[PDB]
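Here the sequence shown stands for residues 4 to 185, where the numbers follow my numbering.
Where is the CB? At the ideal position from N, CA and C, for every residue including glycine.
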Amino acid sequence: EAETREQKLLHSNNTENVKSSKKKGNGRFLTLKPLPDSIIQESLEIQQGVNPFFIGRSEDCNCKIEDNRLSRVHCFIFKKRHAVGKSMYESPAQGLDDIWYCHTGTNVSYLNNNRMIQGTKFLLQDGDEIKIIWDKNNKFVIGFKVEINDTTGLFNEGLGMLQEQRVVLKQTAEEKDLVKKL
């Protein structure tokens, strides 16, 4: 209980939160945690792989990294079905969904160790510290930390199942003829 019962708004204690004042994870998959080394500092939340989740100096992106070096829609993250490797394989992965970091601005964004060169795409993983921007010449880096908290049906449960087999992939499908408009 908490209130006399039915008055401010209605029903059981805190209405047992049917619509729920609380929520957390109602459609969240990744929490972008920018660190202090990055001009940004806190934690963002990409909803269940918004697909796509742009990010840059233009709020038009699914997020906002307020960083001048960003050319508006500076970087462009995407999300889609894992899609098993083309050929061979034994147990595919129908369903699930992989993420795709893809820089599209005029500059370059990256993923821990893979430097993208605009209009480029790349795969993302859990705890994948990314860097929307990186200009050591004038002390300006956007250190970020991809933190997958859901991983419900996320293929590979988000955990970079590898040691060294994921390099930046140039654009594709014209930013899927959808991210190409930014």
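Close Cβ partners of residue i (< 7 Å) along its chain, the five nearest in sequence each way excluded
i, result
"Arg31", "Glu48, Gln50, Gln51, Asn152 and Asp153"
"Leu114", "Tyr104, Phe125, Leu127, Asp131 and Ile133"
"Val87", "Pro95 and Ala96"
Residues bridged to residue i (per DSSP)
i, result
"residue 187", "No information on residue 187 is available, as it lies outside the stretch 4 to 185 that the chain covers here."
"residue 214", "Past the edges of the chain, shown from 4 to 185, lies residue 214, and the structure says nothing about it."
"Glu4", "DSSP output for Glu4 lists no bridge partner at all."
"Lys173", "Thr123"
"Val149", "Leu35 and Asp131"
"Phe143", "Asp138"
"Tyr113", "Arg118 and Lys134"
Whole-angstrom C-beta distance between residue j and residue i, which should lie under 8 Å
i, j, result
"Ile136", "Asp70", "5 Å"
"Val144", "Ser41", "6 Å"
"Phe79", "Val170", "Not confirmed; about 17 Å, so no contact."
"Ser46", "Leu35", "7 Å"
Residue i versus the options, residue with shortest Cα-Cα distance
i, options, result
"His85", "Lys139, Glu160, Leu35 and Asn20", "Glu160"
"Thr109", "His14, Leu185, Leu12 and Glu4", "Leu185"
"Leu99", "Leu157, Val87, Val182 and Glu4", "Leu157"
"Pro37", "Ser23, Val21, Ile58 and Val53", "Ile58"
"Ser112", "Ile43, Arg72 and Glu178", "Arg72"
"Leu165", "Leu12, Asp129 and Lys11", "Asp129"
"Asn117", "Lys173, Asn17, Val76 and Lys179", "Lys173"
"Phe56", "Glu9, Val87, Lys142 and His77", "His77"
"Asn20", "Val87, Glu177 and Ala5", "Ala5"
"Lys179", "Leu162, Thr107 and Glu167", "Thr107"
"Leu33", "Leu12, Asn140, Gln10 and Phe147", "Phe147"
Neighbourhood of residue i by C-beta distance below 8 Å, restricted to the same chain and skipping five residues each side
i, result
"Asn54", "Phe81, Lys82, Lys83 and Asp100"
"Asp138", "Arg72 and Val144"
6 Å Cβ shell around residue i - same chain, five flanking residues per side excluded
i, result
"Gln44", "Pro37"
"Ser15", "none"
"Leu162", "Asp129"
Proximity test, residue i beta-carbon vs the ligand ZN heavy atom, cut-off 7 Å
i, result
"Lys139", "Absence of the ligand ZN from the depicted structure is noted, as is the absence of any ligand whatsoever, leaving it without description."
**Prompt:** At a cut of 8 Å, does the stretch 88-105 reach the stretch 64-74 through at least three beta carbon pairs?
**Reply:** no
**Asked** Is there contact between the stretch 21-29 and the stretch 117-127, where contact requires at least three CB pairs shorter than 8 Å?
**Response** no
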